[PDB]
Amino acid sequence: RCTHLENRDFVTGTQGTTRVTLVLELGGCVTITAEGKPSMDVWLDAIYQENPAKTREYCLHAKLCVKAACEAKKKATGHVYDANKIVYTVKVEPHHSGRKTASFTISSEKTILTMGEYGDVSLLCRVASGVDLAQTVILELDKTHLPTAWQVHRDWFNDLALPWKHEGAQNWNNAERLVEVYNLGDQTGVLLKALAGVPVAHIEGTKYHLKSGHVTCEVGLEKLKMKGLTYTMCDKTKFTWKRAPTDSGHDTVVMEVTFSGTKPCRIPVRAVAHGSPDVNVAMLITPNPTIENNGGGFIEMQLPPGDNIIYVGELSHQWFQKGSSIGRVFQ
Amino acid sequence: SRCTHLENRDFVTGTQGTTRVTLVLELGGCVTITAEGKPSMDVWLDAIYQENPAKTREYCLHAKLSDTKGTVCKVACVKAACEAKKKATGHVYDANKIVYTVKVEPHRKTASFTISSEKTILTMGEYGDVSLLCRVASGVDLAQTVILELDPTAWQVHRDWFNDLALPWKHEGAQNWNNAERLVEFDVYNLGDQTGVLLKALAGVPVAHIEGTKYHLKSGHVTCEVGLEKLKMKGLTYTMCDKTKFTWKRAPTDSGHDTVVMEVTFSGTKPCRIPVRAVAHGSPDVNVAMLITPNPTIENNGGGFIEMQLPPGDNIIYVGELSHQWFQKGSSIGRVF
Amino acid sequence: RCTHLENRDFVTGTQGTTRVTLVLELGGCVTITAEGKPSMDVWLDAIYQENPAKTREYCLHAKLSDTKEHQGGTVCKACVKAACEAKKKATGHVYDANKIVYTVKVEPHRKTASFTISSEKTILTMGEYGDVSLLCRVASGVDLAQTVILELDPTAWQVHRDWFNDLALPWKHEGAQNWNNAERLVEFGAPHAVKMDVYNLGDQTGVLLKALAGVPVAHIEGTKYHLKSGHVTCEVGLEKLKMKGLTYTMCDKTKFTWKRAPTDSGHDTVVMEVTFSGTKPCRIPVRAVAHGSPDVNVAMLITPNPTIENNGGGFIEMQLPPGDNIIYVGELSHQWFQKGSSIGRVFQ
């Protein structure tokens, strides 16, 4: 599942310093190996924020001149991320055992690790969200056998035509949106209809996970002869679709290919926008798609809106990319 | 050509034959990289855009009404709709969907990057397999931007300005307009077409360059690290241009995207590095010029264009002994509508 | 105070180019030194924006005129003209992330360079070191998109956008002739048939100050709106020079004491100071554990390389996960409770 470090991706100095550049996408692993020392696996294991700030609470079903209240367990709550509080956890392990862990944020970039056999190693990781956090709100329903947490657009959330308040307030704002005597009933159904196909938010306890993002690390090694490899290009005539291009569930395109040639090798990947077959429009999330002796074959990418053609050598598949949207209209 | 040559300081050659090259490519900025016995290659940032950004609020500039009695009420009521082609629509960028297209051509390969897509391998032919790692950087604070477009037709407006626009609004797909009474005064009178009042408020506001579906940005850069193998990289170093031989081709002016642009002519020996700085009137020791142009140079045929950011107030730009006073206006969300 | 550049942090090329990678947090200094040349101190001196854009103005105290309807700037049920009291506004300011300046200073044992998101590269003539290319990637310590500077006529705070936007007070933009939602500071009593009672809710400065308790303060130095969090990551390019390579030994874990026990920095981080009684200079062993696991290090240092120098050192800044944590500085330990995120206290 791990890609090997290539010669081009590291530099060895006259004064014995090795500078390595790793691009680690969520779930992506790179194997770094030095002479006489066991090979180490380096990967981005998680992207999350624990307990993000609660913003507006929307009422889905209004209750009760007497004050308008909300029905029991009938709220839709918003949560906002703090881009500087999101944790990117990098794990280092040989080949559990001598597994090192380092967490980074926008604010915390540098750490010195004692990689045992590789000695004191400097790790400088620049984090990069796969989500435009400024335009995101986590919409969550009250605990009751369905997805009840979504990643919605800020402009959609803020203009939700429902009564609202902040936790601690004892008065609902714009309660006349469900009340007046006129009562409009439970709007959970209308909301769920609008949230169809919208990315679900992975919450594991207090950890609010992100399913997209990477880290670009500058690794500093001292006094060691780094074993560098170079991949040959995979034969374009020996690819098959294990998994044809599909929506990842976080605004990317995922696919998996089968290789029936000599391994390991570099996967030839490109995409063309309809009309121009010369320009490559594939923007890979997978920094180096390869076929390994062990595994390999999974490719993630961004594509322009419209009709595209993905090429994995001579293997092709058309892909229609939908345009951007703040969400479906709610009334 | 405005292509700058790669300098010795901008690359490192390893013991195990690896060359690491750092390029700073601002929109329209080009760098020429050259290897021993191999032809020279031009590397530039060609475009920054997002295709079809998400539609946010639609504002009504001119109310279309029905007969007196999705309604505005006094009791007398009218049905309030919008006039044909009289909307002002908002569009939001997805920072991770903005494409930064890098082109490589001798003296042709294309690679696109986003916040999410940073790495590619490109077969540059005589240079072999080349790893390209580009960190993209918007020249616009995207979180505080809304693209306002009429049915110059488009502008880059501040989010806080857009959100508080005193006009009726709705989202694409909604039947009724919110706050329709903003264009209805009570006998029912219509406040008329507000396009004129809006155009007056949008004066001098940065225009949004829309090329079909491509919503362009005219500000931004990419910082790339280039990995080359088994090749003798040519190392060139620019001498500083003579401070006494500069003259204004185009005196400092607004770029149209919150920067200061200018052009200079050089009468001395070329090519050389342009000496550029600025001082806040009163403080003459501190350099306050923040160049958008990573390496301003005078080329044998070409060079002389300088882009920079400056602090608010009274500044004095220096291109060697050549000087020009520049007044920098402060930040604003926009004019009150 | 200044830490020394380590061997791992720089690479020397075959064609005589040295590439140094510096991480400079606000107030953090790194000493770079070359054989036969004087030492140079490199630090991030300031992070600020001059005159950020003014957004909404909120009224804290209503200036109600004459108690007597189709007019703009009145509250009705009898009608009174509603304006704001003199110097009783709470103004919002938004940063332009691309307009924030990160000033790097270089001095022996003096040159200045300013960077922004948009301006990354500059060439400096470091004198004894010759022409040095400086490429600094700036990084705000504050999520600017979710921040508003709230200032009164302590003067200013960094508040959350969602909190600011939903403030239950009358508002307007500079230049507008009338206040929106002015009825938020007007109260109407039972009518006396010939006259109706009109009350003013009074000055709300007090209620606001109570809600802004513990909220990070905005440091305004004239026109300069400062940030107290953030760093810059610089790629420093040097020519034809023998760069001195130093490597720190690890500090003895048994010789640390608390000069200052873990505390809130005032900008969403944890700060502390330790004293060292062993042989100097050395690298400080710093780690932290959270309730969730005892094996995983959860300390996210703001201080790129905490060291004990001959000339000071011992100050450590870090981010920690929410909840119960235990900070370790060798064998020296201290528990730290980290409060979770919040847009702010409910304002009435």
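Counting starts from 1 on each chain and follows the sequence as written, independent of the entry's numbering; residues without coordinates are not shown. Ligands are numbered from 1 and chains lettered from A, in the order in which they are written. Working from all heavy atoms in the structure, the side-chain values ignore hydrogens and water. Residues with missing side-chain atoms are left out of burial classes, side-chain pairs and their counts.

Going by the header, the method for this PDB entry is X-ray crystallography, and the resolution given is 2.5700 Å.

As annotated in the PDB entry, chain C is Genome polyprotein,Genome polyprotein from Tick-borne encephalitis virus. Readers searching the PDB will find this entry under the title "Post-fusion conformation of the envelope protein of tick-borne encephalitis virus with longer stem".

Per the PDB entry, the recorded name for chain A is Genome polyprotein,Genome polyprotein, and the organism is Tick-borne encephalitis virus.

How should the pairing of strand β14 (residues 131–140) of chain C be read in this particular structure?
It is a general feature of regular strands that their side chains alternate between the two faces of the sheet. Residues and elements named next belong to chain C. Working definition: with a 1.4 Å probe on protein chains only, accessible area under 20% of the residue-type maximum means buried, over 50% means exposed, and in between means partly exposed. Numbering of helices and strands runs from the N terminus, with a helix taken as a DSSP run of H or I at least four residues long and a strand as a DSSP run of E at least two residues long. Of all ten residues in β14, nine are buried, a share of seventy percent or more. Only strands joined by at least two bridges in the DSSP assignment are considered to pair. Sheet topology places strand β13 (residues 121–125) next to β14; five bridges connect them, and they run antiparallel. Of the residues in β14, the one forming a bridge with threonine 125 is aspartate 131. In this sheet, strand β22 (residues 230–239) lies alongside β14 in antiparallel orientation, the contact comprising eight bridges. Considered in β22, the bridge of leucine 134 is made with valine 236.

Would you mind showing me how to read the state of the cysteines here?
As used here, a disulfide is simply a covalent bond connecting the sulfur atoms of two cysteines. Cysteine sulfur atoms that pair up within 2.5 Å are treated as a disulfide. Scanning the model with the defined rule gives 14 disulfides over all chains in all. Paired by a disulfide, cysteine 60 of chain B and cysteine 82 of chain B hold their sulfur atoms 2.1 Å apart. Since a negative S-S torsion denotes a left-handed disulfide, the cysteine 60 of chain B-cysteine 82 of chain B link at about 110° is right-handed. For the pair formed by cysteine 60 of chain B and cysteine 82 of chain B, the shared burial category is buried. When the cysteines of chain C that form disulfides are numbered from the N-terminus onward, they connect as 1-2, 3-6, 4-5, 7-8, 9-10. Numbered by order of appearance in the sequence, the disulfide-linked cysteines of chain A pair as 1-2, 3-4, 5-6, 7-8. In this model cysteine 65 of chain A remains outside any disulfide bridge; the closest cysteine sulfur is found in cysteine 59 of chain A, 16 Å from its own.

Hey, could you run me through the side chain of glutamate 140 of chain A in this one?
Residue and element names in this part refer to chain A. With respect to the secondary-structure elements, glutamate 140 resides in strand β12 (residues 136–141). Charged residues are defined narrowly, with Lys and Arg counted positive, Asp and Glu counted negative, and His plus the chain ends left uncounted. What makes a salt bridge here is a side-chain nitrogen of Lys or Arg within 4 Å of a carboxyl oxygen of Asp or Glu, nothing more. Despite its burial, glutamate 140 remains without a salt bridge, the nearest opposite charge being carried by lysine 143 at 5.6 Å. We define a polar contact as two N or O atoms separated by no more than 3.5 Å, with the added condition that, inside protein, one atom must be a possible hydrogen donor and the other a possible acceptor, whereas residues neighbouring each other in sequence contribute only through side-chain atom pairs. A polar contact of 2.7 Å, which involves the side chain of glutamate 140, links it to the side chain of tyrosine 208. Aside from chain neighbours lying at most four places away, what touches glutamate 140 is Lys75, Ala76, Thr77, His79, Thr148, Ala149, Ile203 and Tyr208. Note on contacts: a residue pair is in contact if any heavy atoms of the two residues lie within 4.5 Å.

I keep staring at the pattern of salt bridges and nothing clicks. Help me out?
Pairs may arise between side chains of opposite charge once their charged atoms sit close together. Evaluation of the coordinates by the stated rule reveals 57 salt bridges over all chains. A salt bridge links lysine 63 of chain A to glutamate 71 of chain A; the shortest N-O distance between them is 3.4 Å. By relative accessible area, which is 38% here, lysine 63 of chain A ends up partly exposed. On the accessibility criterion, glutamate 71 of chain A (26% relative accessible area) is partly exposed. Between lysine 87 of chain B and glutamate 58 of chain B there is a salt bridge, and its shortest N-O distance comes to 3.2 Å.

Whenever I open this one, the interface of chain C and chain A confuses me. Can you help?
Quoted interface sizes are often the accessible area lost when the parts come together. Tallying the contact residues gives 44 residues for chain C and 50 residues for chain A. Computed with a 1.4 Å rolling probe, the buried area is the accessible surface lost when two parts are put together, summed over both parts. In this assembly, chain C packs against chain A so that about 3900 Å² is buried in total across both faces, 46% of it on carbon and sulfur atoms. Contact with chain A buries area across many residues of chain C, yet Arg8, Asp166 and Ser341 of chain C alone supply 18% of it, more than any other trio. Here chain C and chain A share seven salt bridges between them. The partner of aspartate 120 of chain A in a salt bridge is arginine 283 of chain C, with the nearest N and O atoms 3.8 Å apart. Counting across the interface, chain C meets chain A through 28 residue pairs in polar contact. Among the secondary structure elements, those contributing two or more residues to the side of chain C that touches chain A are β2 (10–12), β3 (17–25), β14, β22 and β27 (300–301) of chain C.

I keep staring at the side chain of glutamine 187 of chain A and nothing clicks. Help me out?
Residue and element names in this part refer to chain A. Among the secondary structure elements, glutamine 187 is positioned in the loop between β14 (164–165) and α2 (188–194). Note on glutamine 187: relative accessible area 11%, which makes it buried. At 3.2 Å, the side chain of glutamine 187 and the backbone oxygen of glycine 185 are in polar contact. Residue contacts for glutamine 187: discarding those within four places in its chain leaves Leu60, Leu162, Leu178, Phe330 and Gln331.

Looking at this structure, I do not really get the UniProt feature "disulfide bond" in chain C. What am I missing?
Residue and element names in this part refer to chain C. With its sulfur atoms 2.1 Å apart, the listed UniProt disulfide between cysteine 59 and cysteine 84 is closed in this model. Residues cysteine 59 and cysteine 84 agree in their burial class; the two are buried. UniProt positions are given in the numbering used here, feature names are shortened, and annotations may be inferred rather than shown by experiment. The sulfur-sulfur separation between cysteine 251 and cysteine 282, a disulfide according to UniProt, is 2.0 Å, below the 2.5 Å limit, so the bridge is formed here. Of this pair, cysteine 251 sits in the loop between β22 and β23 (256–264) while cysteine 282 is found in strand β25 (residues 282–283), placing the two residues 31 residues apart along the sequence. For the pair formed by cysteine 251 and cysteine 282, the shared burial category is buried.

What am I meant to see in the sheet that holds strand β9 (residues 79–84) of chain C here?
The pairing of strands in a sheet happens through backbone hydrogen bonds and is either parallel or antiparallel. All names here are of chain C. Read across the open sheet, the three strands follow the order β7-β9-β8; overall the sheet is antiparallel. This sheet does not close on itself; its edge strands, each paired only once, are β7 (62–64) and β8 (74–76). The mean inter-strand angle of the sheet, taken between neighbouring strand axes irrespective of direction, is 40°. Where β8 and β9 come together, three bridges link them in antiparallel fashion. Residue pairing in the sheet places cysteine 76 in a bridge with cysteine 79 of β9. Only the contacting stretch of a helix is used when fitting its axis, a line to C-alpha atoms as for every element, and angles between N-to-C directions run 0 to 180 degrees.

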